[PDB]
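> quick one: initial chain(s) of a complex, as found there:
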Amino acid sequence: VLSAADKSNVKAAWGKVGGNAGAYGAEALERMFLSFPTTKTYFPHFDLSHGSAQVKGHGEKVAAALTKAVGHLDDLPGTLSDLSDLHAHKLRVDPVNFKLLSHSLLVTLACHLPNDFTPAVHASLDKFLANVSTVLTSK
């Protein structure tokens, strides 16, 4: 909730994530979907099988939304205002979903970046992802 050493660890991990962001998101989601199928039901009218144009394309967005987040780290309220709005009021995503997506990022970050994925960066990223999750289910 979160330390200075956290903001850092985040902006340190996600730099390494780099021009790949797009994909990792795509893979967080994919991995969120075979792993926690009751997640699937938030995307009814949505191609939801391996390698999909949507599964991809939507990832770009999810990932581009943490990219903004990392960037605006200091007031996650005011950067994510439109996304709570969307996940809170309109779509009413059940806070527990924010948190198995959050672990499919971590899992996802983990195999790709073994040497950048230290406990200390793990630590901060749960906190990060835990907190994005909290803004997004707000007001």
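Received, thanks. Numbering: from 1, shown residues only, chains lettered A, B, ... in the order given.

> drop to CA atoms for contacts and neighbour counts, all remaining ones
OK.

> report the buried residues of stretch A:77-91.
A:77, A:79-80, A:83-85, A:87-88 (16 or more other CA atoms under 10 Å).

> span of it from start to end?
In stretch A:77-91, first residue to last residue: 18 Å (CA to CA, to the nearest Å).

> helices of chain A, residue ranges please.
Using DSSP state H, the helices of chain A run over residues A:4-17, A:21-35, A:53-71, A:76-85, A:102-112, A:119-136.

> let me have those in TSV, adding distance to residue A:43 as columns.
What follows is these, written out as TSV (distance: least, CA to CA, whole Å):
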stretch	distance to residue A:43
helix A:4-17	26
helix A:21-35	10
helix A:53-71	10
helix A:76-85	16
helix A:102-112	17
helix A:119-136	17
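
> which of these sits most buried?
Each of the helices of chain A was scored by mean neighbour count; the highest is helix A:21-35, a mean of 22, by mean count of other CA atoms under 10 Å.

> so what does that one touch, helix or strand wise?
The contact analysis (3 or more CA pairs under 8 Å, 6 or more residues apart in numbering; DSSP states H and E) places helix A:21-35 against helix A:53-71, helix A:102-112.

> out of the helices of chain A, nearest to residue A:94?
Comparing the helices of chain A by their distance to residue A:94 (CA to CA), the top pick is helix A:119-136, with 10.4 Å.

> against which helices or strands is the closest one packed?
Using 3+ CA pairs under 8 Å, 6+ apart, helix A:119-136 sits against helix A:4-17, helix A:76-85, helix A:102-112.

> tell me the contacts of residue A:135?
Residue A:135 makes contact with A:76-77, A:80, A:84 under the criterion CA atoms under 8 Å, 6 or more residues apart in numbering.

> and residue A:1, by the same measure?
A:127-128, A:131.

> return the member of those residues nearest to residue A:9.
Nearest to residue A:9 among the contacts of residue A:1: residue A:128, at 9.8 Å, using CA to CA.

> please report how far that closest one lies from residue A:7.
Taking CA to CA, one finds residue A:128 at 8 Å from residue A:7.

> then residue A:131?
Relative to residue A:7, residue A:131 is positioned 12 Å away (CA to CA).

> following sequence is chain B, place it on the structure:
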Amino acid sequence: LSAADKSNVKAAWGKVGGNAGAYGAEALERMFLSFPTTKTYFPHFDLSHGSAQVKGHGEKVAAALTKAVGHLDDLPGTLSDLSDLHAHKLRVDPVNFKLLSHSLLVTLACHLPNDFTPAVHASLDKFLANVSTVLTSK
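Now chain B, sitting on the chains shown earlier:
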């Protein structure tokens, strides 16, 4: 987080008053009867009903919310000395905060039926939520 929470949690806390202490104790005691795992964080307390220490400490918990409530803008501000205690030394598991917060919601409801509406009650709950995400965070 949401003026209209803040608003309500003031009014919430304003009607509670100097019975915050008596409620702190009572929720405390309600926490302990309903959730005995919690006791385990207190083996230095005599815990028999109407213990001095329980009474004493309910006060110290009532009073720390009072603090958290008027000073609601900056939270990891005025409770940094309490995160410290709860996150770091006591290393308190954050599931017990859900337990102790539940219990105040309970006690309040029982002493303040007319002031405890569904809207103020939502607040009180989001509130206690930060209070503990703070107490547990760093």
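
> go back to the contacts of residue A:1, now with chain B?
A:127-128, A:131, B:133-134, B:137-138 (CA atoms under 8 Å, 6 or more residues apart in numbering or on different chains).

> any bit of stretch A:95-105 sitting next to chain B?
No. Stretch A:95-105 does not reach chain B (CA under 8 Å from any CA of the partner chain); its nearest approach is 13.2 Å.

> quick one: that stretch to chain centroid distance?
Its chain's C-alpha centre and that of stretch A:95-105 lie 8 Å apart, by CA atoms, centre = their mean, to the nearest Å.

> same thing with stretch A:87-106?
Centroid displacement of stretch A:87-106 relative to its chain, using CA atoms, centre = their mean, is 9 Å.

> got the end-to-end distance for it?
Stretch A:87-106: ends 21 Å apart by CA to CA.

> contacts for stretch A:15-26, please.
Here stretch A:15-26 has contacts from A:55-64, A:105, A:108-109, A:113, A:116, using CA under 8 Å, 6+ apart.

> please save the CA atoms from it in CSV.
Only the C-alpha atoms of stretch A:15-26 are listed here, as CSV (Å, rounded to 0.1, in the frame of the first residue of the first chain):
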residue,chain,number,x,y,z
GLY,A,15,10.8,-1.7,-18.0
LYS,A,16,12.1,-5.2,-18.5
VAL,A,17,8.7,-6.3,-19.6
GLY,A,18,9.0,-3.8,-22.4
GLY,A,19,7.7,-3.9,-25.9
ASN,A,20,6.3,-7.3,-24.9
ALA,A,21,3.6,-6.0,-22.5
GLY,A,22,1.1,-6.5,-25.3
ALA,A,23,1.8,-10.3,-25.3
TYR,A,24,2.1,-10.9,-21.5
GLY,A,25,-1.3,-9.5,-20.9
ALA,A,26,-2.5,-11.7,-23.7
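
> next, work out how far apart the most far-flung residue of chain A relative to its centre and chain B are.
Largest separation from the mean C-alpha position in chain A: residue A:45, at 21.2 Å (CA atoms, centre = their mean). From residue A:45 over to chain B the distance is 33 Å, taken as CA to the nearest CA, to the nearest Å.

> closest to chain B out of the contacts of stretch A:15-26?
Nearest to chain B among the contacts of stretch A:15-26, counting by CA to the nearest CA, is residue A:105 at 20.8 Å.

> slot chain C in:
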Amino acid sequence: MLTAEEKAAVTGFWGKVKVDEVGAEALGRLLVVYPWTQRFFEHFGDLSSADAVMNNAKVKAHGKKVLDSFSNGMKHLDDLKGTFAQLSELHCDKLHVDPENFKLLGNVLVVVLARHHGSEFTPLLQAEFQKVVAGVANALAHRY
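The block that follows adds chain C to the chains above:
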């Protein structure tokens, strides 16, 4: 985890409740206090506000059956599990309500009884009820 002595009290007390008001109220509170629960109930029409959600006949209606299930849950107390074995099905494979949400409805129930019964609803007597809701919410999630 419920003695015969622990069983009176909560069976006794329980016929002092306005099961139906109480109920309607839980479900509104649940819905207001935990806004995402509103999903599983988009069909109930308007939930724009605190009051709409409270004065909505179907919240009230649904208010009545769930507390009805506790009542029947209450009658059958050693076999929650199976009294609620069907209502797991509905809640797990079908609407896919996540388990955590049950817990939230119990805690809320509890709050509603403390408001209606004030100090008649003692700390001791609320510890026994916690064992009721827990077991119920344990049971509703069994087919998980």
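
> check the contacts of residue A:1 one more time with chain C there.
With CA under 8 Å, 6+ apart, residue A:1 has these contacts: A:127-128, A:131, B:133-134, B:137-138.

> any idea how many residues pack against residue A:99?
Residue A:99: 18 surrounding residues under other CA atoms under 10 Å in any protein chain shown.

> that one contacts residue A:132, correct?
No. Using CA atoms under 8 Å, residue A:99 is not in contact with residue A:132; the gap is 9.9 Å.

> grab the nearest non-local neighbour of residue A:87.
residue A:93 (5.5 Å; CA to CA, 6 or more residues apart in numbering or on different chains).

> which ones are touching the closest residue to chain A within chain C?
Taking CA to the nearest CA, chain A has its nearest neighbour within chain C at residue C:36, 4.6 Å off. Counting by CA under 8 Å, 6+ apart, residue C:36 touches A:88, A:92-95.

> can you redo the residues you listed as CSV, where the extra columns are distance to residue C:49?
CSV is the format used below for the contacts of residue C:36 (distance: CA to CA, whole Å):
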residue, distance to residue C:49
A:88, 14
A:92, 15
A:93, 18
A:94, 19
A:95, 20
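
> point out the residues in chain A that sit beside chain C.
A:38, A:88, A:91-96.

> among these, which ones are buried?
The neighbour count (16 or more other CA atoms under 10 Å in any protein chain shown) marks A:38, A:88, A:92-95 as buried among the residues of chain A next to chain C.

> just give me the closest of those to residue C:88.
Comparing these against residue C:88 with CA to CA places residue A:38 closest, at 15.1 Å.

> please report how far the closest residue to that closest one other than its chain neighbours lies from residue C:16.
With CA to CA, 6+ apart as the criterion, residue A:38 has its nearest non-adjacent residue at 6.8 Å, and that residue is residue C:96. Separation of residue C:96 from residue C:16 (CA to CA): 33 Å.

> list the contacts for the residue nearest to residue A:87?
A:42, A:87, A:137, C:36.

> repeat that for 10 Å
A:39, A:42, A:84, A:86-87, A:136-137, C:35-39 (CA atoms under 10 Å, 6 or more residues apart in numbering or on different chains).

> one more: residue A:49?
A:30, A:33-34, A:55.

> ramachandran angles for it?
Backbone torsions for residue A:49, taken as degrees, to the nearest 10, come to phi -120, psi 150.
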